[PDB]
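A quick write-up on the structure given underneath.
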Ligand SMILES: *[C@@H]1O[C@H](CO)[C@@H](O[C@@H]2O[C@H](CO)[C@@H](O[C@@H]3O[C@H](CO[C@H]4O[C@H](CO)[C@@H](O)[C@H](O)[C@@H]4O)[C@@H](O)[C@H](O[C@H]4O[C@H](CO)[C@@H](O)[C@H](O)[C@@H]4O)[C@@H]3O)[C@H](O)[C@H]2NC(C)=O)[C@H](O)[C@H]1NC(C)=O
Ligand SMILES: *[C@@H]1O[C@H](CO)[C@@H](O[C@@H]2O[C@H](CO)[C@@H](O[C@@H]3O[C@H](CO[C@H]4O[C@H](CO)[C@@H](O)[C@H](O)[C@@H]4O)[C@@H](O)[C@H](O[C@H]4O[C@H](CO)[C@@H](O)[C@H](O)[C@@H]4O)[C@@H]3O)[C@H](O)[C@H]2NC(C)=O)[C@H](O)[C@H]1NC(C)=O
Ligand SMILES: *[C@@H]1O[C@H](CO)[C@@H](O[C@@H]2O[C@H](CO)[C@@H](O[C@@H]3O[C@H](CO[C@H]4O[C@H](CO)[C@@H](O)[C@H](O)[C@@H]4O)[C@@H](O)[C@H](O[C@H]4O[C@H](CO)[C@@H](O)[C@H](O)[C@@H]4O)[C@@H]3O)[C@H](O)[C@H]2NC(C)=O)[C@H](O)[C@H]1NC(C)=O
Ligand SMILES: *[C@@H]1O[C@H](CO)[C@@H](O[C@@H]2O[C@H](CO)[C@@H](O[C@@H]3O[C@H](CO)[C@@H](O)[C@H](O)[C@@H]3O)[C@H](O)[C@H]2NC(C)=O)[C@H](O)[C@H]1NC(C)=O
Ligand SMILES: *[C@@H]1O[C@H](CO)[C@@H](O[C@@H]2O[C@H](CO)[C@@H](O[C@@H]3O[C@H](CO)[C@@H](O)[C@H](O)[C@@H]3O)[C@H](O)[C@H]2NC(C)=O)[C@H](O)[C@H]1NC(C)=O
Ligand SMILES: *[C@@H]1O[C@H](CO)[C@@H](O[C@@H]2O[C@H](CO)[C@@H](O)[C@H](O)[C@H]2NC(C)=O)[C@H](O)[C@H]1NC(C)=O
Ligand SMILES: *[C@@H]1O[C@H](CO)[C@@H](O[C@@H]2O[C@H](CO)[C@@H](O)[C@H](O)[C@H]2NC(C)=O)[C@H](O)[C@H]1NC(C)=O
Ligand SMILES: *[C@@H]1O[C@H](CO)[C@@H](O)[C@H](O)[C@H]1NC(C)=O
Ligand SMILES: *[C@@H]1O[C@H](CO)[C@@H](O)[C@H](O)[C@H]1NC(C)=O
Ligand SMILES: *[C@H]1O[C@H](CO)[C@H](O)[C@H](O)[C@H]1NC(C)=O
Ligand SMILES: *[C@H]1O[C@H](CO)[C@H](O)[C@H](O)[C@H]1NC(C)=O
Ligand SMILES: *[C@H]1O[C@H](CO)[C@H](O)[C@H](O)[C@H]1NC(C)=O
Ligand SMILES: [Ca+2]
Ligand SMILES: [Ca+2]
Ligand SMILES: [Ca+2]
Ligand SMILES: [Ca+2]
Ligand SMILES: [Ca+2]
Ligand SMILES: [Ca+2]
Ligand SMILES: [Ca+2]
Ligand SMILES: [Ca+2]
Ligand SMILES: [Ca+2]
Ligand SMILES: [Ca+2]
Ligand SMILES: [Ca+2]
Ligand SMILES: [Ca+2]
Ligand SMILES: [Ca+2]
Ligand SMILES: [Ca+2]
Ligand SMILES: [Ca+2]
Ligand SMILES: [Ca+2]
Ligand SMILES: [Ca+2]
Ligand SMILES: [Ca+2]
Ligand SMILES: [Ca+2]
Ligand SMILES: [Ca+2]
């Protein structure tokens, strides 16, 4: 056994004063053993041994204001009492059922009466709120060409359009209008309504949404009565030159209501829990430090200084009645100052952070700056493993997840399939699992560290209310000590979500004052969640339950994306300045920019043993007894068996059974360990651990890796399978037995013919399944919009953010009901949203001054010179728009006036880039690759002396191709040198099967390519006339030239001699044969 | 009298300095930069000129050679060009030819190198490839075994070294703007001259780099130089005119020609400019290349190849055969050229003239 | 927009 670095044995106590260890029996034994008595903490208990204005009459109704009205008009739908006292459910109007034969237009709402007399039914007047009384039993109207014809059927004049009034019933008059702004004196509401200025702050919701009753513009701060003003109890404060002057300045001598001042000299009266102090007429209470005056003004309560103000302790805090004490987590020693904790293990930390093309290893002071790996595609995520000294990352360019040891050895790829958009990952060092978010499948995944047994644990939406869903997942952090997974979402309903490590207990943590939570992480010492916002530009931390939020940086950050904390310092990566920088983790003091990164630094981590704390594994040995994933249960104590994604979990009497549900288009391995796509079967590369994916009777592989081979030597991409199109020439891609159980990916919906299309495309008024299945009327009538989406009457589905955004999205206008779209429930958020002046939609703040009309009325683009750009990481264009500094001199016009690129100096290329003639940068991978990339073809210049990278096969012409593209039966170099030296691929001397024509130089092609004018193989034997004399040179498809060579298809009379004797560009064959027979 | 050579972006024009009229030469070409010539190596009466081509778009530049008549005048001759096969050329701003050893010198401004190869351009090798920003035109002095080159980037410099790439040194680095052209006075103790497109002056200095002198000032943006007899030649780039002045800088600026701004260089075509009487110091012992040096010679290998271990003469790389040259139209004294089925240049003599190539009559 | 990689 060992003593872990800086830590102590399991049954040992650590002296917080200096880090020395003592036996457990020594702590709380009654004797101070440590240097500072940390072993004898307070947490251990000692040893044990005219009548009335509204009296009215029996026939008259009574009103609060003092009026008397006839009882006939009570609850008739309109105020008769003059104070609404006859028109409320407060006293009684719930059963206001009206008299006899009145038509009950239930479309009407309390702003109007549903019952309408038949005296004016069908009279040509809109009695009901949508004028249904004019169609229910009424003779039709011919209407006029000079009047506005409502699309519903009503007829009105043009004066009844664009006026906020539903004259047509179906709002056809007000729909599509472009109301001009309000007048000079007129007040404007959030929903664009115009109301008279006098109607502000009168307890009536005249704006509809409550704009005229907003607290900020309505509340009048009472005269403060500052210094040189004595605030008397009456509120009409005077100068203190008049205190107790015996002249009644404030009503009933409130200024002289008491002049003894010293009212504290008693116990029952004035009752103050702790201390008392007199005032100019009375007393007031006060508390000792560490105590809070509660709401009663007559007592003192102890505050939880650890929860209220965590910045008082560098680490784990312990509350005391009246004070607090700062402890340090195991492995840290408490400094003599009594607050700061210092790491003890001699392993000093360093920052591992990832760039475009790079992963870099940076010391926490900026003195050392090295390179871990280079030449990667795009490393957007990264994490480490303390137990095995491993490193993991996501290469978003190639959509794979790699892993390697920290000493540059044994680079492997664990997960390489079905990765559409993985934005972040985290390594579970406890139960040996890997987590990563998918931003396209909109889910959360869990897997074994080696790559097997992928499983979903989160999807759809989080709350029971279906408001926050997986729009744009980004950023993930694990807290395996309590079995929780925290991830951030930067969708339109941005939030921070939590879920148990087995998928139970998903809930919402933080969903307010947040727009772009790119970063997220947890401090494992004091147990405080940390995150940052890219839009609001803050760094905030809070308890693990989303309570007691505190702000470190307040709007001073351009664009954080990732952050990590070690000791008392927080390190974060800034996109706009393209820098990695650090500051104190509680107040932000000591900000230092550590490194100028040329590319955006995406993900950052602190590699130290203490950043992955140790504790016992719940699935201790035997994998918890499960043949499959043993996951940590919510709460961190228990564990839960689970099966992979393509399996069915069936529960036995007392233990779990996993049944394979491999679909028809997939192959199940012999040991039933995993289910893999059918085109992975017989591909030549062993995928299943038992080798069953490669049987003994494998046909010869004509197709590449990742390609489906038809039943007869033909190839197609996997997407061709069961897409209701004859893709394989034989047609095996549409075979019944192959497609009969073609269950496909979750995020798309399957048609009747079992072709499946993206889920949103169904019921969008376009036949997408080619069998009209997605446009079936009954299906659209009977289906359901996926969680977090609104359902149209058309049957279409739209995101919740498109409801009440003015613009129609459902075809029919059920997505924009103006009766609902103007109430107070749809006010803009004053932090992250900007309200349009005229239209009622709300748009995000970053959309303001971008060169695009998001508000549909140029509200967001008007007055752009008033917006000041960010001082630290923003650049201002000529047209006064703000752009990220990272887009300046990037090579493209980014604000519409070339101002970002005016007077631009070229940048110096990084360690893995080659500089073209015109001083632009391209990756070293693009040098000598048989394609033009520098414009002047400079990447291919002088490609004879340079080496190829170890995984690239050098062509004899000096260019480089990946070594997997040699000895395959096709030319990959531009001179077929990759196949030229390859050995005989068959004992009988040939190079490819009998179904293929074989050229001279071991490259070989399909039969149908012979004699087509295309030089299919270099040094082409295909264009050999002698062997091609007897091929079907038939007139309907081939032009048989005079020299007996035949010309493929449209090449006849094309303008260039494809024959070789001049008669290709001639007459009598491409001219009129018999003048259009 | 000397014959002038002036390359334009599309065509090459030669002008007799005494007959005062132009004559026909190579046509139908694109993006040529600079020219240099070798005086009738086979002594039949036709010299060899070497002209490079810049590149646009996908295709790369190249170096080509063509024949020029040494007699009084020649016309209607179908001059044919041949490519040396030197691939991967971006901007050959400077080219020079060494008549002693059959070597060609050129520098790539974009590649920031100076190359070397045989007259057919097979045994390619980099001579100097370090610490160059934008290498300008070059010059060669086989008699003293020193080649000259300049830089026009952030650090304008003029340098010289041996023909085998060693003993590199800087001549001057002060009071220099944008050097553009180089010339050596072979008769005046091997004095060297250079121009400046920013200072607008032409200066001279000895080969070792002593006694710098300002010869002429306010030359209206000179581009290239040439010294013959006792006069200096330069061309105003922004106007296209050609001028003469005493090479000692004590005479008026005489005017010669006015040409379009596509003019790139002025070069004098005369045997006395190069003094072909210089003998070859090489012993024909080297395997691939026999470069020159002051008082001796040296052997070299093609680029990316080394000598066999222990030896310093034999290279590891293979040796390719030389490239044949097409025959020219030697037709003299107003004759015409014609190609038969054998495609030989069978001349058509004019009235009163007889013989194979119609020499006299 | 401005956050997508
Ligand atoms: C870069 O860094 C990596 C990781 O640090 C190095 O890889 C390690 O290499 C060592 C050997 O130097 C490996 O040690 C060997 O591991 C075997 C398997 O152990 C696994 O299973 C056990 C038990 O469950 C786990 O504890 C362990 O973590 C592994 O999962 C052992 O069986 C070997 O022991 C055998 O040999 C030793 C003597 O060497 C005997 O004493 C034993 O009795 C036994 O016969 C051995 O310990 C280690 O597994 C590798 N890393 C890991 C964690 O996998 C690279 O070598 C290093 N590269 C360079 C070039 O420095
Ligand atoms: C991808 O899928 C295509 C589908 O076309 C395949 O192309 C076929 O390839 C086979 C050879 O492997 C061809 O078979 C030949 O057919 C000739 C008659 O063609 C008629 O019948 C075939 C079906 O059998 C129809 O497809 C076609 O439209 C015609 O109706 C026969 O005369 C040939 O036999 C003669 O030659 C053979 C040797 O090749 C001798 O042994 C025989 O004795 C005889 O002399 C031969 O059977 C077939 O015609 C091709 N189809 C077409 C339309 O061209 C591709 O093979 C496959 N991918 C690859 C590259 O393998
Ligand atoms: C050098 O050696 C290679 C083999 O190493 C020879 O190539 C073989 O050529 C023969 C004859 O053309 C091919 O046999 C035919 O294959 C067709 C399709 O492939 C079947 O076999 C593969 C396995 O190889 C299966 O995986 C696949 O699903 C197919 O079942 C068949 O359609 C042909 O069937 C016809 O003949 C058989 C009897 O052989 C009858 O039972 C059928 O009814 C039908 O009449 C036939 O079997 C063979 O596939 C080729 N093998 C390979 C791998 O190339 C070369 O011909 C030889 N050198 C030369 C150039 O001669
Ligand atoms: C604010 O509150 C505290 C607590 O009410 C008041 O503290 C009082 O302080 C005095 C001096 O420390 C204490 O008196 C002393 O007590 C000791 C015995 O403990 C005695 O030996 C000394 O001779 C002396 O009498 C007093 O006990 C303490 N109050 C109580 C009730 O414990 C303080 O005065 C208050 N101050 C203000 C600003 O009102
Ligand atoms: C990132 O950079 C830092 C510092 O440049 C690297 O830290 C260094 O890592 C090496 C390898 O573990 C250490 O070398 C070893 O030192 C011990 C003595 O301490 C010696 O006995 C061993 O033989 C070996 O030389 C080095 O001490 C260590 N330095 C510090 C201050 O930690 C770090 O490894 C780099 N990270 C990566 C993954 O590149
Ligand atoms: C989920 O949505 C429901 C329905 O809108 C919310 O419940 C109502 O919220 C409104 C807010 O004005 C109240 O007027 C109602 O009294 C609430 N109760 C019901 C049952 O209608 C609910 O608050 C939302 N979820 C959460 C957790 O906020
Ligand atoms: C399951 O989820 C609920 C809600 O997230 C958790 O309930 C919280 O528990 C903490 C104590 O741990 C309380 O202080 C909070 O007030 C609770 N919130 C609510 C609204 O219930 C519960 O702890 C979770 N349990 C497990 C095992 O994960
Ligand atoms: C980062 O860039 C600034 C100029 O933008 C430069 O002055 C500074 O030296 C760089 N970083 C450091 C601290 O070296
Ligand atoms: C405006 O934003 C502040 C931020 O603290 C918030 O407290 C306030 O409630 C917001 N105003 C309204 C009307 O919601
Ligand atoms: C231990 O002794 C203390 C002495 O103050 C108390 O009596 C306490 O109640 C005792 N605890 C038990 C469990 O008896
Ligand atoms: C539609 O809603 C039903 C429940 O009403 C199911 O949740 C179904 O899965 C939903 N369909 C989609 C596409 O999510
Ligand atoms: C190809 O032919 C060679 C001899 O030329 C060998 O026999 C070799 O084994 C053959 N290829 C295979 C795969 O057997
Ligand atoms: Ca003790
Ligand atoms: Ca009423
Ligand atoms: Ca009516
Ligand atoms: Ca209206
Ligand atoms: Ca009001
Ligand atoms: Ca008073
Ligand atoms: Ca306290
Ligand atoms: Ca998504
Ligand atoms: Ca938002
Ligand atoms: Ca921002
Ligand atoms: Ca396989
Ligand atoms: Ca298909
Ligand atoms: Ca559709
Ligand atoms: Ca909408
Ligand atoms: Ca906008
Ligand atoms: Ca730009
Ligand atoms: Ca390229
Ligand atoms: Ca190949
Ligand atoms: Ca062909
Ligand atoms: Ca043609």
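Protein chains in written order, with PDB author numbering: chain B, 1224 to 1272, 2902 to 3929; chain A, 4055 to 4415; chain O, 1 to 5.
The beta-carbon is built from N, C-alpha and C at its ideal position, and this holds for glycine as well.
Under the three-state DSSP convention, the category residue i falls into
i	result
residue 3470 of chain B	coil
residue 3816 of chain B	helix
residue 3589 of chain B	helix
residue 4448 of chain A	Past the edges of chain A, shown from 4055 to 4415, lies residue 4448 of chain A, and the structure says nothing about it.
residue 3164 of chain B	helix
residue 3477 of chain B	helix
residue 4286 of chain A	strand
CB contact below 8 Å: residue i versus chain B
i	result
residue 4164 of chain A	yes
residue 4373 of chain A	no
residue 4358 of chain A	yes
CB contact below 8 Å: residue i versus chain A
i	result
residue 3200 of chain B	no
residue 2091 of chain B	The model of chain B omits the segment between 1272 and 2902, and residue 2091 of chain B is among the residues lacking coordinates.
Buried versus exposed, by CB contacts within 10 Å (16 or more), residue i
i	result
residue 4217 of chain A	buried
residue 3745 of chain B	exposed
residue 3925 of chain B	exposed
residue 2911 of chain B	exposed
Contact list for residue i against chain O, beta-carbon separation under 8 Å
i	result
residue 3342 of chain B	3
8 Å Cβ cut-off: residues of chain B touching residue i
i	result
residue 4161 of chain A	Simply none; closest approach about 14 Å.
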